[PDB]
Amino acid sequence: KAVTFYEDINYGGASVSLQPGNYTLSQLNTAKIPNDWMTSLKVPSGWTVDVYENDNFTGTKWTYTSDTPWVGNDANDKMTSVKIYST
């Protein structure tokens, strides 16, 4: 089980899976996840994903605790850093 971030709505386009952790922008990029690119994501039930507008877990924070086929226009293409918890 893991969190999978997708480039497009409805889990379309490019996708990358990550385990729990605290990922900065440069770390996402290394994982092949570009800046301001996340549109949808699958989340293991019970897990928590805190998506941040800016790098180093700052800026606006959006939280997801389940598969989300459309993060919506407000959070769309804004992820720069993210914290994933298996709780």
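Numbers follow the displayed sequence, beginning with 1.
Relative to one another, 61-69 and 20-28 have unequal mean CA B-factors, and 61-69 is the one with the higher figure.
The entry lists a Cα temperature factor for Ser40 that places it in the middle third of the chain's modelled residues. Sort the modelled residues of the chain by CA B factor and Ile9 lands in the highest third.
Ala2 sits in the highest third of its chain by CA B factor, as recorded in the PDB entry.
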